[PDB]
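Step one of this worksheet: look at the structure below.
No lab work stands behind these numbers, since they all come straight from the coordinates. Virtual Cβ from ideal backbone geometry, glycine too; neighbours counted across all protein chains shown.
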Amino acid sequence: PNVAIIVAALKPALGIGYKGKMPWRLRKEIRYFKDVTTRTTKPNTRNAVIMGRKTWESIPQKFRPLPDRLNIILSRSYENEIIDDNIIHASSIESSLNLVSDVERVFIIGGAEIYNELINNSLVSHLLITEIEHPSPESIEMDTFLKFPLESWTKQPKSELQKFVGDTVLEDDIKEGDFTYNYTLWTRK
Ligand SMILES: NC(=O)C1=CN([C@@H]2O[C@H](COP(=O)(O)OP(=O)(O)OC[C@H]3O[C@@H](n4cnc5c(N)ncnc54)[C@H](OP(=O)(O)O)[C@@H]3O)[C@@H](O)[C@H]2O)C=CC1
Ligand SMILES: CCc1nc(N)nc(N)c1C#C[C@H](C)c1cc(OC)cc(-c2ccncc2)c1
């Protein structure tokens with residue numbers, strides 16, 4: 001099944017957090033994340049979200065598990081097991097897929113350690129990067145960064161992203177405060 005990374009990062013250094021939290025609250029970006037990770041093409045299927053343990057624990061109490069999606073939590077301590085109908089515990093993406101039944105799309109949703117490893121895993125064929133801009137990038141506190149060899153990847157045209165997201169609205173240069181952001185798709189060369 002189709003495995004993709006979905007992330008929002010501040011250019012050009014591709015920062016994603018400071019002190020274990022996100023340096024922005026972008027309202028439309030959140031809805032985009034929600035729609036893309038939920039939308040299925042075929043009947044009787046749903047999407048999977050894979051995340052690290054720390055990321056799982058960072059999600060607001062009443063937002064976890066993320067509804068309408070199969071949640072996979074990663075820990076190097078976990079046994080490959082099905083907790084309930086919505087939650088799976090695993091020690092690798094390799095194992096979690098073998099435990100999965102009838103999943104259409106798989107989304108890697110965080111965090112920094114999970115991103116920086118799975119980026120070089122050949123099962124991952126797509127990057128969904130919300131590229132964020134700011135007039136003064138250095139003036140925002142940042143400690144955790146993406147380590148993406150984007151030279152080895154190809155930014156696709158908007159029309160390929162539009163096919164991927166289906167009937168989802170893709171606006172240009174979304175301005176929330178001083179931040180400006182765009183949605184982009186990447187594939188392996
Ligand atoms: N902008 C964005 O789209 C997003 C940004 N973020 C940011 O990222 C930061 C979180 O990153 P981080 O602290 O690294 O959290 P992670 O979600 O990456 O948690 C890391 C944990 O995942 C487990 N793990 C890591 N690698 C593997 C592996 N290969 N196989 C199995 N388990 C593994 C380990 O658990 P264990 O110790 O149990 O073995 C480890 O402790 C936050 O600051 C947040 O702001 C997060 C999500 C999205
Ligand atoms: C920015 C949303 C987001 N956008 C994109 N493009 N990629 C991502 N990987 C995430 C993400 C994320 C993590 C899992 C997260 C952390 C959190 O705690 C800070 C709250 C939410 C969340 C708030 C609102 N609704 C559902 C989930 C999501």
Residues of the range 1-25 classified as within 15 Å of the chain's Cα centre (by Cα) and either outside any strand (DSSP E or B) or without any contact (Cβ under 8 Å) to a residue 24 or more places away in the chain (or both), total: 2
Residue list for the range 82-100, restricted to those being within 19 Å of residue 64 (Cα to Cα) and surrounded by fewer than 15 Cβ atoms within 10 Å (Cβ to Cβ): 82, 83, 84, 85
In the range 101-112, the residues that are surrounded by 18 or more Cβ atoms within 10 Å (Cβ to Cβ) and more than 16 Å from ligand 2 (Cβ to nearest atom): 103
Any chance residue 121 is surrounded by 12 or more Cβ atoms within 10 Å (Cβ to Cβ), touching a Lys or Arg at 6+ places or on another chain (Cβ under 6 Å) and either of a type outside the set (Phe, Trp, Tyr) or over 30 Å from residue 78 (Cα atoms) (or both): no
Among the candidates 60, 1, residue that is near ligand 2 (Cβ under 9 Å from one of its atoms) and either over 19 Å from residue 145 (Cα atoms) or crowded, with 20+ Cβ neighbours inside 10 Å (or both): 60
Residue among 104, 131, 141, 113 that is part of a helix (DSSP H, G or I) and not hydroxyl-bearing (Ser, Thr, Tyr): 113
Matching option when the condition is surrounded by 11 or more Cβ atoms within 10 Å (Cβ to Cβ), within 19 Å of residue 12 (Cα to Cα), in contact with a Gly (Cβ under 9 Å, 6 or more places away or on another chain) and hydroxyl-bearing (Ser, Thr, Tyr), among 154, 180, 184, 144: 144
Subset of the range 37-50 (residues that are more than 9 Å from ligand 2 (Cβ to nearest atom) and of a type outside the set (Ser, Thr, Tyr)): 39, 42, 43, 44, 46, 47, 48, 50
Selected residue (criterion: nearest to ligand 2 (Cβ to nearest atom)) from residues of the range 115-134 that are among the hydroxyl-bearing types (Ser, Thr, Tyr) and under 12 Å from the mean Cα position of the chain (by Cα): 130
Which listed residue, of 139, 101, is away from ligand 1 (no atom under 16 Å from the Cβ), free of Cβ contacts under 8 Å to residues at least 40 places away in the same chain and farther than 20 Å from residue 12 by Cα: 101
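Residue-by-condition table, conditions (1) within 12 Å of ligand 2 (Cβ to nearest atom); (2) exposed (fewer than 13 other Cβ atoms within 10 Å of the Cβ); (3) acidic (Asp, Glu):
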| site | (1), (2), (3) |
| --- | --- |
| 5 | yes, no, no |
| 13 | no, yes, no |
| 23 | yes, no, no |
| 27 | yes, yes, no |
| 35 | yes, no, yes |
| 55 | yes, no, no |
Pairs where the first residue, in the range 27-40, is closer than 14 Å to residue 2 by Cα and the second is aromatic (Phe, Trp, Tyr) and surrounded by 16 or more Cβ atoms within 10 Å (Cβ to Cβ), C-beta under 6 Å, 6+ apart: 37/107
Condition met for residue 115 (within 30 Å of residue 80 (Cβ to Cβ) and surrounded by 14 or more Cβ atoms within 10 Å (Cβ to Cβ)): yes
Selection count, the range 54-74, where residues are touching a strand residue (DSSP E or B) at 6+ places or on another chain (Cβ under 7 Å), without any contact (Cβ under 8 Å) to a residue 24 or more places away in the chain and outside any strand (DSSP E or B): 2
